[PDB]
Amino acid sequence: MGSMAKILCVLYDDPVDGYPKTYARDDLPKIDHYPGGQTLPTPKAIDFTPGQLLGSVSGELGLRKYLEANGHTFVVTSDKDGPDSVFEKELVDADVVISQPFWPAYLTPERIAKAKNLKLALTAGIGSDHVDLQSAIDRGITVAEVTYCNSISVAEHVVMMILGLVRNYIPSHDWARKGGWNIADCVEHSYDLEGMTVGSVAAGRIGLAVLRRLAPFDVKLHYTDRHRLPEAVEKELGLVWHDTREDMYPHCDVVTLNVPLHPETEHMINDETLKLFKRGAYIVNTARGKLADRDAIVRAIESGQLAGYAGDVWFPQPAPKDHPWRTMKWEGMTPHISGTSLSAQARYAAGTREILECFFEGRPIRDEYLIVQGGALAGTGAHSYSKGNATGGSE
Amino acid sequence: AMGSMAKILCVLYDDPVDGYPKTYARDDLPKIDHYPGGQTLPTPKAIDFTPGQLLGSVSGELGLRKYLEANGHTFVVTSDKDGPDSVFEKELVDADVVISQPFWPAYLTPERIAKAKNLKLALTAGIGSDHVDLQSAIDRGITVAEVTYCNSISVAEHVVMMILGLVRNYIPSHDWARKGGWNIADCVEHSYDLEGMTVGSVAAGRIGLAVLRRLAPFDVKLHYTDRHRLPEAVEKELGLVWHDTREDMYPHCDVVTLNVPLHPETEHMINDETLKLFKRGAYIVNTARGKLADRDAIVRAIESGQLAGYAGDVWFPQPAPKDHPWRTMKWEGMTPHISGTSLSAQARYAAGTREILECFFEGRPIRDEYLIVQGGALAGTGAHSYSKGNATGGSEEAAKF
Ligand SMILES: NC(=O)c1ccc[n+]([C@@H]2O[C@H](COP(=O)([O-])OP(=O)(O)OC[C@H]3O[C@@H](n4cnc5c(N)ncnc54)[C@H](O)[C@@H]3O)[C@@H](O)[C@H]2O)c1
Ligand SMILES: NC(=O)c1ccc[n+]([C@@H]2O[C@H](COP(=O)([O-])OP(=O)(O)OC[C@H]3O[C@@H](n4cnc5c(N)ncnc54)[C@H](O)[C@@H]3O)[C@@H](O)[C@H]2O)c1
């Protein structure tokens, strides 16, 4: 084997107008730790300033100087799609691949077979479903992610989109923008959240933060999860437990999807399960696009079974220009941005460095960061995932 | 002058462009039993509508027609409200009762009030009476009433939604998705987490306190000011930081929310001079009244980067002219004035409007919490929350739309 590694890092493009020389504000708020006690990332040092854009090609997650100083090769590219890409060419001899879920470099079974030297697939972000976990397990490849880095960010985004759907924000803003007023056109589809029932599939780090933020809105809170929360937490929040997600759906005005993507959860929202939803239900999905059958959502919107769908995640990513969720009525869509706010980037850039430092010094990666290690699901992977391949259709 | 039958003049907004809906997205509304703090829900003798129907538009008539005509009253409903010859101003000369909503307000200026020979009651179906010249009402012995707390919770939700939308850069990001882009860096170059930020509210009244309660779990620092300080127990539970004046509060805040009524004390309180007090890249959410903010001062602060965003549903005048600068500015989260008129809110203020009318026509006193002006002075909620004066100056620009 060898002591020097090729690190291949896939990042999204700089803004169309160029890498920013200024930002809207002087500083970021200080965050001391995560809810529940997990500490913030602890790299030995960082080479960036918090609040800077780190996730684009010019930002490089602040890793270049550290990696090159240790004699490694560091390759950064945004060109990820196809057999022809810079990514797939560099992939053959890469020891480490880094990408973000917002601009994911899909490690399919085929691509992993081509990556002869691959020892570590690192997600700068949360969720590894763009990596085929079964292949990684079989190859002894480590899969790691920076757990909890943007969980709270996404929770804010969920509550924002819930309110946006129920109150009919996006169509109302269009009227204001176009020179209209059109009150009746706006509120013909507009309700208060107060008194509604909201269910969450998975109360994990995001799901629980969502339930906490919804509590003062005086809604009824329902959830299901692979792992039940402690009674103290359920009593505090007035949570109503359900054994299965299908038992939960008919109770809910709003359903929010907070669960990772793996064979148990893939296309869990489909023509059949949508029949369990109340007429005029809302779905917010900030977890993974492929949790929902794309055309089933569209059909449910057109038939009135759903009063709205919003989320920032699509499949595949980037979404094709003709992807149907872009144009459907009653949509609150954004590109996949919620986990990559400037506040979040500072955290996953630091965590990325921490994981790499541990990896190259032969120290153990934090168990909470692990998805796959030593030929098995480990750490957060053992807790939140199941073995299998979720990358089908990413081409 | 005195008789048992009244002419009620009711100004409502137009039906949807495609026509009045006979069906809705959902089967019924959530049950709401009372308001936080104990004020009971409206108590009309009966209601002639189903909760969830569109009541605030001209075909909806606030569900009042059958009740009014059965008692021999004349009920005129119109959306034509702006200008000297509008249906509204012609019918106004002999009206005993005027009803309008803040979303499509029939401005009762001194001039209009002077022309209204029979006007005994100015009824706001909704909250905030600043579209009525209160000094003229006071002088004429006209009663001014509104349906207090009817949509306060609806607006607080709208506020949190817009704070999150501004801070996280929702509107521009959605634009990229709709136009076929992806463009992550363009979205998030302006995108921050709310967590850890400082949020101040001007006024913790029914809306302000509901906003503070909804913001608490987002782990922000909460600041506020008001004419009346909250009880120590409430400050303690929410970790609120009190300021005596709104100008002492601004320099601390990443985000400022305006929850205060419009009257001479608050008019244009956000202007070039007070904006110098804000942190760079501050956000303002204003769901209270458009005229709280000098409109061009807001535009200048957005263009200079003093503000990183401005959002709200309220404009001055209303409807906003097509060339109103807040329509085209960057970093805005604007909607037309809809937050207090969701289908859930309409059910409550329609019932409240009916309750006030029934009281008025039976000679029973209107609930104190509903009163703004009664018997020649600020009374009830009016005494608590308003100051005397005339806020309707410049409202004639609405006729432009
Ligand atoms: N929109 C974004 O930018 C963004 C950022 C983070 C996560 N996401 C996604 O959201 C997911 C959740 O994030 P998280 O931080 O809360 O992770 P988490 O591991 O803390 O929470 C996941 C929860 O899902 C539960 N789970 C797994 N399989 C389940 C099943 N079959 N049925 C019910 N529950 C199941 C787990 O028990 C766990 O509680 C992530 O895996 C990631 O894919 C999106
Ligand atoms: N966008 C909408 O649809 C909508 C619906 C309701 C009201 N608004 C507006 O919001 C305002 C507030 O509504 P509310 O239900 O909270 O009413 P509220 O009367 O309960 O609260 C008003 C608060 O403002 C305070 N106040 C009055 N003058 C003040 C001053 N000079 N400085 C500081 N505080 C002052 C009062 O003490 C009171 O606490 C209304 O007057 C109305 O104009 C908007």
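Keep in mind that the numbers below use all heavy atoms, side chains included, and drop hydrogens, waters and symmetry copies. Proteins get letters first, then strands, A, B, ... in listed order; numbering begins at 1 in each. Counting starts at 1 for both ligands and their atoms, in listed order.
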**Request:** Consider every N or O of A/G207 and every N or O of ligand 1, then say whether any pair is closer than 3.5 Å.
**Result:** no
**Message:** Between ligand 2 and B/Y386, can you find any atom pair, the residue atom being a heavy atom, that is separated by under 4.0 Å?
**Reply:** yes
**Request:** Can you sort out which atoms of ligand 2 are near B/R206, meaning under 4.0 Å from one of its heavy atoms?
**Result:** 15 (O), 16 (O), 18 (P), 19 (O), 20 (O), 21 (O)
**Request:** Taking atom types as modelled, find out whether B/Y349 and B/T341 have a side-chain donor-acceptor pair closer than 3.5 angstrom.
**Result:** yes
**Asked** Where's the contact between A/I206 and ligand 1, heavy-atom distance under 4.0 Å: side chain, backbone, both or neither?
**Response** both
**Item:** Check: B/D130 N/O within less than 3.5 Å of ligand 2 N/O
**Value:** no
**Prompt:** Does the N or O separation between A/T265 and ligand 1 drop below 3.5 Å for any pair?
**Reply:** no
**Request:** Compute the shortest N/O to N/O distance between B/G128 and ligand 2 and return yes if it is under 3.5 Å, no if not.
**Result:** no
**Item:** Residue pair A/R226 / A/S386, side-chain donor-acceptor N/O under 3.5 Å
**Value:** no
**Asked** Polar-atom distance check: B/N151 versus ligand 2, any N or O pair below 3.5 Å?
**Response** no
**Asked** Taking non-hydrogen atoms only, is A/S384 closer than 4.0 angstrom to ligand 1 via side chain, backbone, both or neither?
**Response** both
**Prompt:** Using heavy atoms and a threshold below 4.0 Å, how should the contact between A/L261 and ligand 1 be classified: side chain, backbone, both, or neither?
**Reply:** neither
**Asked** Heavy atoms only: which of A/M268, A/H262, A/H130, A/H227 is nearest to atom 28 (N) of ligand 1?
**Response** A/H262
**Prompt:** Does any N or O atom in B/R246 lie less than 3.5 angstrom from one in ligand 2, N or O only?
**Reply:** no
**Message:** Using a 4.0 Å cut-off to any heavy atom of B/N259, which atoms of ligand 2 qualify?
**Reply:** 12 (C)
**Asked** Has A/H157 got any heavy atom lying under 4.0 angstrom from an atom of ligand 1?
**Response** no
**Asked** A/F102 heavy atoms, cut-off 4.0 Å: which ligand 1 atoms fall inside?
**Response** 3 (O)
**Prompt:** Is it true that the side chains of A/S341 and B/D193 contain a donor and an acceptor less than 3.5 Å apart?
**Reply:** yes
**Interfacing atoms of ligand 2 (cut-off 4.0 Å, heavy-atom, B/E265)** = 31 (N)
**Prompt:** Under a 4.0 Å N-O cut-off, is there an ion pair linking B/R168 with A/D312?
**Reply:** no
**Item:** Spacing of A/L211 atom CG and A/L229 atom CG [to the nearest 0.5 Å]
**Value:** 8.0 Å
**Request:** Ignoring angles and geometry beyond distance, decide whether B/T341 reaches within less than 3.5 Å of ligand 2 through its nitrogen or oxygen atoms.
**Result:** no
**Message:** Give the atom numbers and elements of ligand 1 that come within less than 4.0 Å of a heavy atom of A/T286.
**Reply:** 1 (N), 2 (C), 4 (C), 8 (N), 44 (C)
**Message:** Could you tell me, atom by atom, which parts of ligand 1 come under 4.0 Å of a heavy atom of A/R226?
**Reply:** 28 (N), 33 (C), 34 (N), 35 (C), 37 (O)
